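What follows is one chain in structure tokens, specifically the form deposited in one PDB entry.
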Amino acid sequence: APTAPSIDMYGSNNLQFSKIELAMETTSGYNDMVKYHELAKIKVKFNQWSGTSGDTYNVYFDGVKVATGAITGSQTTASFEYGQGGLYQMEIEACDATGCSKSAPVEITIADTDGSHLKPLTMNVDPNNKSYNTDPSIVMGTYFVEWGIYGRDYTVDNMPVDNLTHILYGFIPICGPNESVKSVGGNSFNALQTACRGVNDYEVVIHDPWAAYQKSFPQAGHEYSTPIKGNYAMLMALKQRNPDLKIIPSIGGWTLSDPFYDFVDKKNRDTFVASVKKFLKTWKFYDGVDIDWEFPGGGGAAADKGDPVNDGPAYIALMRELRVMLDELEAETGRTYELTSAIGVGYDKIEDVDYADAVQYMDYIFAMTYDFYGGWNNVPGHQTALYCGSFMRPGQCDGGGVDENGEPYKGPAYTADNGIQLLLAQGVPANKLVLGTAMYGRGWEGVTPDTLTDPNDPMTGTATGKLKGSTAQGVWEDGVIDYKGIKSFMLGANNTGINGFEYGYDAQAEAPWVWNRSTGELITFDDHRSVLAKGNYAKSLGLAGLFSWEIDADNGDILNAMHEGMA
């Protein structure tokens, strides 16, 4: 018989609560911006302007009483703590001696980072991505990059999630020496320096909090009071849609690997592994960790780093220590966590680590079978070929020959099969190796016909510099072009070449190219045919599956081909 309470939406923060507290309007150090709590604090204001208010209130979630307290006149605040994320129908009841009266139910959101409060994400996928019935044992992975939401305009709801088993989210940085990030730009370095304020060196952080959790995506229903936004709330909603999908944070990559070279000291590995455990406890939708150190022994972005004696053993120790930590998380949560790594596949990278030893701790190695040639120099070659191409000289495939200046090759040529064969020769099990496909080309200009030593093969020519182009054509950085740009502006609908380009295919290498003889523009890439060849090779050798880099650059053709090739 008191008056039933009426809920004051606005003084109750629109009924948006959360276990994780996230700064939304400011940017500072990671430990200042992100605070995970075991209990969310819930504060709901209600009023009883007519009749009598009663003495006590009870708050119910789905019919279960979760809080109680005293009615305070015509407006009352119920404050309490709650440990379980979800969406609940809340009623508030007011009671006295003459009876109790309940409010109408209202939905309350209690966010947690497994997405338990979120409906399955609504997808917006290009319908060129087709449907397949691939064996669910086969890895079909891709990388999604955090910055793809800026000029590339490629968001989580654009991914063809039903054709993926693993999404690798690139990239999570490690606080410490990171001068290589300046090659991306000063704002990107500054973002990392801001994130690491108040954070110990060797701990992980989020590089761009705006893209990870602050930015409102209207396609995901985000609003002002949504407690978790950004890419991460979308990946939480994607996991609600596809609960068997593995989403794994990738630490490192080309510009973010400089801290790994300090892991020869165990104290820094210990700091790092602890920080990864804290990161996975904070962002519960992640299913493991991918380590992308480029590269133990050196040969990455920082020319002055790399210890070929001590980096391999440090890498193996890091994989052992990560697996010990992840087994602790499995015991605490009842979940399974995976440990993986993307690795270089030149002979010079593979010789610097004993992968037979490291891989006993790992679920998968993502073999980076791409970037063998590129616009960093003027030497054309197939960047992601399976086998040795027609352009290679006598003795170059195996490495016992000499170059066109008479200088001895130092090891086997850069092809995907030379790298796979060296990993298998070490003792790495085939069923843990995942072979890489490129969803982009690399390219040059100035490869004119008079530079070719073999006039049917422009990979025997010589370039004058990097491919240039607009972002409209998929050229975000000189020398690199998205596959979907190559298909729209170089291949055309018949795949034979448009806009002055002709398509070619090295049937021995398994490698496509497009060449404009007028501008000497040449691009090396992966296409439907080379990807089918990679699938056949993975089937033949019993590999774990395929992965691609990076998903925003595909128009569906490459992922469709990965499925067709593994069928």
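Start at 1 with the first residue shown and count on from there. In this text, rigid core is short for the largest set of C-alphas that superpose within 1.5 Å between two forms.
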Study note, to complete from the structure: Going by the entry, of stretches 176-184 and 284-292 the one with greater average Cα B-factor is 176-184
Practice item. Read off the CA B-factors in the entry, average them over 74-82 and over 145-153, and name the higher stretch. Key: 74-82
Revision key, fill the gap. The residue of 248, 100, 228, 196 with the maximal C-alpha B-factor according to the PDB record is 100
Practice item. Quick one: which of 346, 313, 253, 408 shows the highest Cα temperature factor in the PDB entry? Key: 408
Study note, to complete from the structure: Chain thirds by Cα B factor, record data; residue 25 belongs to the highest
Exercise for review: Among all modelled residues of this chain, ranked by Cα B factor, put residue 501 in the bottom, middle or top third, i.e. lowest, middle or highest.
Suggested key: lowest
Check your understanding: Split the chain's modelled residues into thirds by Cα B-factor; is residue 528 in the lowest, middle or highest one?
Key -> middle
Point to revise | Third assignment of residue 428 from its chain's C-alpha B-factors | key: highest
Study note, to complete from the structure: By the entry's values, the third containing the CA B factor of residue 257 is the lowest
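Keep in mind that the form deposited in another entry is missing from the display, and what follows is about it.
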Review point. Core-aligned, does residue 70 move its Cα 2 Å or more between the shown form and the other one?
Key: yes
Point to revise | Threshold 2 Å Cα movement between the shown form and the other one at residue 98, rigid core reference | key: yes
